[PDB]
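Take a look at this single chain, the form solved without the named molecule, given in structure tokens.
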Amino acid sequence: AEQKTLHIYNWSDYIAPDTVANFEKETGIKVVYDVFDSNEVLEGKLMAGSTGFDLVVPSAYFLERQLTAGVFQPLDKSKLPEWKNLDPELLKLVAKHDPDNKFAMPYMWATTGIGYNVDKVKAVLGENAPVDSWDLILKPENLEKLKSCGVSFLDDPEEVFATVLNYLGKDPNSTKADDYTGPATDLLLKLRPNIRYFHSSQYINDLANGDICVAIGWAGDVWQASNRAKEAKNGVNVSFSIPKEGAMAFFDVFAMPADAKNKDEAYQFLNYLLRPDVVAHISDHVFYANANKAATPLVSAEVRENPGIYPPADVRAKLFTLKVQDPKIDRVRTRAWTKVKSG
């Protein structure tokens, strides 16, 4: 008799405009849907406990770090009859963080690559600018030429150091402290005078408006920037590269806090997300690949056929995933990132 409620916490710009409304119309459940613009906000609230959320959207990486902390509770697959729709390849990658896929429902995934302005890069570096390579943004001679049109990096040491280590021919997940303080920091300090800022969201609208011409960014965010520029009929042409040397893949997942009050409603929402049209519609709006293999044909051609959103087998084989480091490396990385950004 009483109203059924559900509290969700997700990234901004990571659902379709009508997803929640459609769910409410179909199920009668009241949804309170809150958003963050950085996962540091989510992670800080989960670690503090008693969030009031029934569903949250962490990284598979963070989820691994909190598996022993009891932040999350295992998902009851009997309430998720469309679980069979999830792509088995992605389930296996997520399971590196969540054995036997016990706690997390893969949601969307993408890569950390290069977002850029096509016209500005070709004006500055020529028609043969190496947009297919990390050389575009990790060679100082190129960044010096791009300095004035604006360069940004993510403010994310784990991802940036891993990208740098892969580029140098080191283990992207090296456990050697000297790899970070030595060769990775050396390259970063060479590049640093040419970097306008380190920020993990300002780069989206700056790419869309023409204010930055190259950025390390998350694929779907860059594709959103490209679409925003198109809708603004502003002439700006943004693209994204998964470079030929490889790149980091990441997997955002739905998970259920251990103190969730509205569990039946949360399962209804997850099984709704597993219906192929629901997550295909989300992908159509947010320009991220969903993790549902049944959904892929339903995604619009512009999105499904974009190999920087849905990469093919050869590109997938070049992606690496982040591993959890020992605390001693975590601290070396954080210390070194502060040095890089300082100067």
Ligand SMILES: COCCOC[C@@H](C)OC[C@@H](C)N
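We number the residues from 1 along the sequence you see.
*Asks:* Mean Cα B factor from the PDB record: higher for 185-193, or higher for 204-212?
*Replies:* On average, C-alpha B-factors are higher across 185-193.
*Asks:* Report the stretch with the higher mean CA temperature factor, choosing between 268-276 and 119-127 on the basis of the entry.
*Replies:* Averaging CA B-factors over each stretch, the winner is 119-127.
*Asks:* Using the temperature factors in the entry, find which of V20, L322, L319, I329 has the highest value at its Cα atom.
*Replies:* Going by the entry's C-alpha B-factors, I329 comes out highest.
*Asks:* Can you tell me which of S38, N290, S300, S50 has the maximum CA B-factor listed in the PDB entry?
*Replies:* The C-alpha B-factor peaks, among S38, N290, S300, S50, at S50.
*Asks:* Of the three thirds of its chain by CA temperature factor, lowest, middle or highest, which one includes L46?
*Replies:* Its C-alpha B-factor, which the entry lists for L46, ranks in the highest third among residues of this chain.
*Asks:* How does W218 rank on Cα B-factor within its chain, lowest, middle or highest third?
*Replies:* Bottom third by C-alpha B-factor.
*Asks:* Just say lowest, middle or highest third for the CA B-factor of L143 relative to the other modelled residues in its chain.
*Replies:* According to the entry, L143 has a C-alpha B-factor in the chain's highest third.
*Asks:* Among the chain's modelled residues, which third holds the C-alpha B-factor of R304?
*Replies:* It falls in the bottom third of the chain.
*Asks:* Could you tell me which third, lowest, middle or highest, the C-alpha B-factor of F153 occupies within its chain?
*Replies:* Middle third by C-alpha B-factor.
Only in words, not in the display: the form solved in complex with the named molecule, which the text now covers.
*Asks:* How would the site be scored, open or blocked, if the named molecule were superimposed onto this chain using its pose in the deposited complex (blocked means 3 or more ligand atoms within 2.4 Å of backbone or C-beta)?
*Replies:* By the 2.4 Å criterion, open.
*Asks:* Name the stretch, out of 88-96, 117-125, 135-143, 71-79, where some heavy atom lies within 4.5 Å of the named molecule in the deposited complex.
*Replies:* Comparing against the named molecule in the deposited complex, the contact stretch is 88-96.
*Asks:* Using a 4.5 Å heavy atom cut-off, which residue among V324, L319, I329, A16 comes into contact with the named molecule in the deposited complex?
*Replies:* Exactly one residue meets the criterion: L319.
*Asks:* So which of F269, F251, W223, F254 reaches within 4.5 angstroms of the named molecule in the deposited complex, heavy atom to heavy atom?
*Replies:* Contact check passes for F251.
*Asks:* Give a yes/no on whether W109 approaches the named molecule to within 4.5 Å in the deposited complex, heavy atoms considered.
*Replies:* Yes - in the deposited complex, heavy atoms of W109 and the named molecule come within 4.5 Å of each other.
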